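**Student:** Return atomic coordinates for the entry below.
(one chain, ligands or ions: 2)
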Amino acid sequence: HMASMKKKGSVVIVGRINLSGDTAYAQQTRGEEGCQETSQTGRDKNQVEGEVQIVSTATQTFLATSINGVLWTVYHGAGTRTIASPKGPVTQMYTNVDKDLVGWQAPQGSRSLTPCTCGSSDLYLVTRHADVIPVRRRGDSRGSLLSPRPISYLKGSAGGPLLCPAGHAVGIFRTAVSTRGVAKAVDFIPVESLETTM
Ligand SMILES: CC(C)(C)OC(=O)N[C@H]1CCCCC/C=C\[C@@H]2C[C@@]2(C(=O)NS(=O)(=O)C2CC2)NC(=O)[C@@H]2C[C@@H](OC(=O)n3cc4cccc(F)c4c3)CN2C1=O
Ligand SMILES: [Zn+2]
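**Tutor:** Residues are numbered from 1 along each chain as shown. Ligands and ions are numbered 1, 2, ... in the order given. Please see the structure below:
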């Protein structure tokens, strides 16, 4: 029993969504074999850049977003896992299963988004494929897609940001509201809920 019990690996940063220029695009920074090794050791010496990371476990891939010096993502992707870092695995600093939220100290080299104080309801969702999708805010934690899409297009983007027109963080993408496989709306953890957690 006890001597053979395994440990879950760390979450590993495997890429990023580049939002620095005039064109948004995904970049991969680590392949699958390196990901598997890094998840086991928890030691990731790769340089981190940007606000939105593409992250992976052994079994899932999703997004994580830096806001106020914390790299946030969804519990349904990360569970209670550590994140791999240059000095070894780093324990979560926030875990809230009720909000579907986790966070770790933001990695060195990352850039953080600023929480939105605009009160604007014209939002933009950034996906793991670097699609920037307009979303009208419809409540505290809900927004409608201006152009509905099959849920396939959104899968793997939980943990990504909803941004206001000025590029502030408004929320973290959590669930898709789908009818017959088509996403007409999204639900997100509002940035105020992060700010309170902090
Ligand atoms: C709530 C409502 C209205 C009934 O809708 C839905 O339950 N809908 C579904 C539609 C699923 C079809 C794919 C949709 C495409 C993209 C979805 C964004 C996404 C994703 O990309 N994940 S991932 O692939 O990156 C993945 C690798 C990280 N999330 C999901 O699938 C989540 C995961 C699962 O929810 C949860 O486990 N919890 C645990 C929670 C605890 C507290 C609060 C919560 F809300 C919680 C939500 C169901 N999910 C939905 O979205
Ligand atoms: Zn704003």
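**Student:** Can you list the buried residues in the longest helix along the chain?
**Tutor:** Across the chain, the longest stretch assigned as helix under DSSP state H is helix 32-41. Buried residues in helix 32-41, counted by 16 or more other Cβ atoms under 10 Å: 35, 38, 39. The way it works is simple: take the backbone N, C-alpha and C, and place the C-beta from them, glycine included.
**Student:** now do stretch 155-175
**Tutor:** Of all the residues in stretch 155-175, those buried under the rule 16+ other Cβ under 10 Å are 156-164, 168-175.
**Student:** Near ligand 2, list only the ones from the residues you listed.
**Tutor:** Checking the buried residues of stretch 155-175 against ligand 2 by Cβ under 5 Å from the ion, the ones in range are 164, 168.
**Student:** now the helices: where do they sit in the protein?
**Tutor:** 32-41, 75-78, 191-197.
**Student:** closest to ligand 2 out of these?
**Tutor:** helix 191-197 (9.4 Å; Cβ to the ion).
**Student:** care to break the protein down by domain?
**Tutor:** Domains of the chain are assigned by curated CATH domains as 1-113, 114-198.
**Student:** Switch the ones you listed over to TSV; also include distance to ligand 1.
**Tutor:** Output for the domains of the chain, formatted as TSV (distance: least, Cβ to the nearest ligand atom, whole Å):
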stretch	distance to ligand 1
domain 1-113	3
domain 114-198	3
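**Student:** Sounds good, over and out.
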